[PDB]
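For reference, the structure discussed in these notes is given below.
Per-chain numbering from 1; labels A, B, C, D and E assigned in written order.
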Amino acid sequence: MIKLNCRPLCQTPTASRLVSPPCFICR
Amino acid sequence: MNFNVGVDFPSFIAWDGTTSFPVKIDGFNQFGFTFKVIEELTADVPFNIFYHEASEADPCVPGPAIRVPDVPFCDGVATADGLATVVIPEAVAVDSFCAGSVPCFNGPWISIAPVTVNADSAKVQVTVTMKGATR
Amino acid sequence: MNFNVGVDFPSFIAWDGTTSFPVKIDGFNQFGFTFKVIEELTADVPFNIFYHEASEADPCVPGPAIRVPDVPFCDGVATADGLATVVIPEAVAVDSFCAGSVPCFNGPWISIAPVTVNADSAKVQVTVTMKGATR
Amino acid sequence: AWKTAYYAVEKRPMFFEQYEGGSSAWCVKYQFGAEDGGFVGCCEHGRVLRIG
Amino acid sequence: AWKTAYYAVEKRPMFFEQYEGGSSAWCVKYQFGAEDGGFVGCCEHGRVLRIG
């Protein structure tokens, strides 16, 4: 059972939209 | 600066997805494998590692294949049947490569072939590399 | 004792005799080819060297093939058309390997294919070796 | 009020040794371990906020 | 010409050790080993004669 060594050929982490609190609404 | 790397670190095809080619490690004192995938897999693909002895009639042609014997490491597990093998998982991405080598040299030639031939087997490529010349 | 040489010096298939596979050289700052034969040749077989670049629809897929330009050395002849090529001699023996690499990088991908596909171009195998990962 | 809402208890720190029963003339082995524990104190001394 | 046709490399002499992992109260076991090697130099500086 040979154990392998792995790592990828890409360096582009996908962008994640940041979300901020919306405007106030009366409860 | 670029370099003629192949002069000191040559490489040879071992498994192209359709046929297996013997690789002669006699002339070099170290070596290792390299695995790559070319398309998404369906199920895991295990591989058998072989070695060859020089044919009694001609020293330039290899003999029949013989399975490599497993060896335990400094402590712990051993193979169920004592024969070395390699398995490539599904989680491996298309854009990456894997590397691994046996601890023992054994016969002058080496070879690798899949356990069973199927569609998933053809989706893999294996290449061998040698690190040091001695002739 | 051998090593997992594929960790430091991976190799990838570039021409298996029926298809040519683009290879990525972005993360490695040196590289080179390696040639081998599997049968007696009938005549010389020339090859063309191409390079690619990031495709428009995705930054991780190569675009159309761009022919590599020539680079005359310190002092010497230059190609008749200003493009790099490799010619495999007819006298090459089955039990030998040839190594050569281009002086310049160009795009982050590379490729190779014969000038004309025929029964004689299937008798060669080309593999690319890397060195010096930069990530 | 954590000082009464949760406690942490420690018995023995870490240690390292060499296993003579596996150390042949060509290999070595090492062993290490430690012991720790903890238990919840007064339940009512804490509060948790969640979305509903 | 032997001084340039074949080389002998010496690294470490032989040693003896007592294997504790197998030395029970009623048996004894010992271990020994050494490391050396050799390689060929000039292939043109030698000849061999055989019956044809």
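The working rule: a contact is a pair of C-beta atoms (placed from the backbone, for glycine too) under 8 Å apart; a residue touches a chain by one contact, two chains touch by 3 or more.
By chain, with names taken from UniProt: A, B, C = Structural protein.
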Interface with more contacting C-beta pairs, comparing A-C to B-D:
A-C
Express in whole angstrom the distance between the two chain centres, defined as the mean CA positions of subunit A (Structural protein) and subunit E.
57
Intercentroid distance (Cα basis), subunit C (Structural protein) paired with subunit B (Structural protein), Å
22
At what distance in angstrom does the C-alpha mean of subunit E lie from that of subunit B (Structural protein)?
30
Whole-Å distance, C-alpha centre of subunit B (Structural protein) to that of subunit D, is 44
Residues of subunit C (Structural protein) that touch two or more other chains sit at 4, 6-7, 60
At which residue positions does subunit A (Structural protein) touch at least two other chains?
5, 9-10
Junction residues of subunit E, two or more chains touched
none
Report the topology of the inter-chain touch graph, choosing from line, ring, star, complete and other.
other
Which chains are in touch, pair by pair?
A-B, A-C, B-C, B-D, D-E
In the complex, subunit C (Structural protein) touches subunit B (Structural protein) at residues 1-7, 9-13, 16, 21, 30-34, 36, 38, 60, 95, 97, 99-105, 125, 127-131
So in the complex, which bits of subunit D are touching subunit E?
20-26
Which residues of subunit E touch subunit D once you look at their complex with the stated criterion?
17, 19-21, 31, 33
Contact set on subunit D toward subunit B (Structural protein) in their complex
22, 27, 29
Which bits of subunit A (Structural protein) are touching subunit B (Structural protein) when the two form their complex?
1-10
